[PDB]
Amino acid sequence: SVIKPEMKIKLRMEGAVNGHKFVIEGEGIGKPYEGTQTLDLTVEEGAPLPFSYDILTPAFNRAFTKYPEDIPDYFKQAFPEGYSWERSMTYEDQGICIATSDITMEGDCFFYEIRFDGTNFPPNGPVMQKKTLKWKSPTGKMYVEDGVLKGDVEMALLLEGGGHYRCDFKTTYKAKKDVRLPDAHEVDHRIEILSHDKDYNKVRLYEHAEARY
């Protein structure tokens, strides 16, 4: 396989949230067959971000998923050539984000080109007021629709003061080459900011993900 037991990551995200432009770069490393990875992320333009960092973190690669032998691994099969994804993230208070990622590989490193746009977040809502704690860890669904792999997951951010704030995720995946398509299955995720500096100009971000029926 071209996917090694350890793979490096390099990424660049550009985008805007409620008009505020930014650029974030990341470098990391993970274990694709164990479903784990860590990224160090830096805000290169647009600091300090005036919105919750948490809305960005699932945009910062399902190749880092432990797949059982009897479920075809769409993501690892997609390499060396790579794959892209398109995602809508529809929050309960009418804030909306849409993001795209083009994922390539060279040697022992993945590269992501990420576009992230978000609008219509209420000025006094939990995103613009930075009242979010972390993402809950739901089970997502993977399924194929007429030869295309899709993902849906009902997400939620925990809030300061004990509440929750929901978001519907819908993703479409596109391998650059034809690969074996899996049957419908699930993916468990946990994503966590491990460390950050005061205004999240520096962020260390971890994900563990595993597929199952």
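We call the rigid core whatever largest set of C-alpha positions still superposes within 1.5 Å between the two forms. The first residue of the shown sequence is 1; numbering continues from there.
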Say the other structures are aligned on the rigid core; which stretch then has the higher CA RMS in 4 other deposited structures of this protein, 176 to 184 or 143 to 151?
143 to 151
Per the entry, how many residues of the deposited chain go unmodelled between residue 60 and residue 61: none, 1 to 3, 4 to 9, or 10 or more?
1 to 3
For the higher mean C-alpha B factor in the entry, choose 91 to 99 or 139 to 147.
139 to 147
On average, are the C-alpha B-factors higher in 164 to 172 or in 39 to 47?
39 to 47
Considering only modelled residues of the same chain, in which third does the CA B-factor of residue 207 rank: lowest, middle or highest?
lowest
Lowest, middle or highest third - CA B-factor, residue 120:
highest
With respect to C-alpha B-factor, does residue 155 fall in the lowest, middle or highest third of the chain as deposited?
lowest
If you rank the chain by CA B-factor, which third does residue 109 end up in: lowest, middle or highest?
highest
Going by what the PDB entry lists, where does residue 12 fall on CA B-factor within its chain: lowest, middle or highest third?
middle
